[PDB]
Each structure stands twice: as structure tokens, then as C-alpha cells.
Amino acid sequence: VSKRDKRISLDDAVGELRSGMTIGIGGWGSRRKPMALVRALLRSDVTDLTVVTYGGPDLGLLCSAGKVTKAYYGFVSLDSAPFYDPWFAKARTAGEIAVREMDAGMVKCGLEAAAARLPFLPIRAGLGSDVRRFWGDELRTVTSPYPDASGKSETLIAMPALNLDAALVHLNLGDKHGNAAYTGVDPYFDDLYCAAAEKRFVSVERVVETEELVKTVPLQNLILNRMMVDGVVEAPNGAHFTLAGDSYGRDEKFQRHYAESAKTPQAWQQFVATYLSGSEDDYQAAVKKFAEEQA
């Protein structure tokens, strides 16, 4: 009589995904992205994805492999120079992805609507902006049934629920059942991504027993419970090259190398050959070698 053991490998987790899925990716920009899970997606044949994200190099890498058909995002940023992700930029300037770009607060709102099984939530953000044109008739308004004091009724954006087939998130610590915590200054929205999704995969820096987890972090940091997770992946350094709260900062030198490698077909084949053509362990070894060389 035991709770389900949800431990699985990176490739196992991606093996539960299917082409054509809507997938939410946690973290924010170049911050605590599930980069090991993204690299496992690149190794797979899963493609034709609709991605919901606060975008960073996760979306860039997926674009480099032509895996994105449609993208819902509040922004795409590397957080450090050159700031714009060059693979997302290339997909955009080539017209390779349909975008439902939105105000950053609309992402949170849409995930909250999905988490509550609601079809929409009203929000002011978006009104009067070209968010309306990005979405056309996919984004409608809703009028308050209560007029304001003056007698005028407010008409607001009806942000539709961002329901997800799957969510991929990375956290600092978790147990084999999916209880999981962040360490550092920001949970981002990883709880909302899990709550909005059907299939939920969390990679963690380290898997520990439940009692170790709850004695290591405050209650408020326990952002995932067992009802929010379907698979748990142990992936040390699994957010590299993005930052990861208390575990490590951003590998700024390597992110620069990623961005500069996107400039030419030649630079990218070499990046792929060195970093993206083997396992996660092969990636981690090559990243360690890069750090030693560039000192």
C-alpha cells in the first residue's frame, strides 16, 4: 500500500508527449527553464507544437528544430544581451510560427482561468493595443453585467483559458510523488502551468524523501502537491543555461555562445554537434568543458 512512484527519465517524459500538443513551459525568460526537458524534446520526433510560455531560450531551441507551429507568449527574452532570442527571431521573420502574442499579465490570467476550469477571466490588459490584432476573433471582450456608479458598463478583455495538454517545469527539490519546491526569490508561475495542464512533468535538481523536502524549505515554497504532477525527473543542472534560484545563476558565457552560434548555418551545426547530438550527460560534460576552456 504505497503512493505512486512517479520517477521517470527525461526521454520517458517526452515519450508521453505527442506531436500537435499544446505544451506550457515554466520558468520565465532565461530563468529556471526546464532546459533538460527541452533538449529531450529536440532529440525526439515530437513536433507541430503549440507552446504557451514566458519565452526564453526554451522557445528558441524549439524554433531551431522547427517544432513550433503556434506560440502564445507574453514576451521572448534572454534577460541578458543580446536580449532577443535569435532563433525565435528567425522563425518570426520567416513567418514559420503563428503567434498569439499577449500582454505578460494575460498569460497569468489565462493559466488561472484554466486552473479554475473557467472559460475566461476578464482583464483590462490588452484593450486598445495590437494584442487585439495578433488574436483577431480568438480574443473577444466581455461586458460587466453591473454598470459602474456613473451608469456606464465596462467592457473588458475576456482572456480565454490557456488549457494545456502538457506542462514542463523545473524546480529545485522534490519527492518521487511530485511534491516539489522552489528555492530563491521567485516561484514564477510553475504551479499555474501544472494546474492548467492534463499531463504534468517536473524535473528537479534532486529527488529527496518527502520528510527531507518539507524540513528543507518553508511551507510557502511547497508549490506543487501530488495532484499537480504526473512524472518526476531527477535532472541536476537541468535548467542550464538559465538561472535556477539558489542552486546556480545563469551561465552567461554559455548563453552568449548559444546566441552567437545561431548566426550562421556553420556555427549552428557545430553547436548541435557538440551540445545537442547526445544525451543530457553528454551535454553536461560539454558544458563543463566549455567553462574550463573559456576561463
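Start at 1 with the first residue shown and count on from there.
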Give the stretch, out of 13-21 and 272-280, with the larger mean C-alpha temperature factor in the deposited entry. 272-280
Ranked by mean Cα B-factor in the entry, 157-165 and 204-212, top stretch is 204-212
From 187, 178, 82, 105, pick the one with the largest CA B-factor in the entry? 82
Based on what the PDB entry reports, which of 229, 267, 243, 51 has the top C-alpha B-factor? 267
Chain thirds of CA B-factor: placement of residue 35: lowest
Relative C-alpha B-factor of residue 223, binned into the chain's lowest, middle or highest third: middle
Comparing against every modelled residue in the chain, figure out the third that the C-alpha B-factor of residue 173 lands in (lowest, middle or highest). middle
Sorting the chain's modelled residues by C-alpha B-factor, tell me whether residue 90 ends up in the lowest, middle or highest third. highest
Which third of the chain holds residue 248 when residues are ordered by C-alpha B factor: lowest, middle or highest? middle
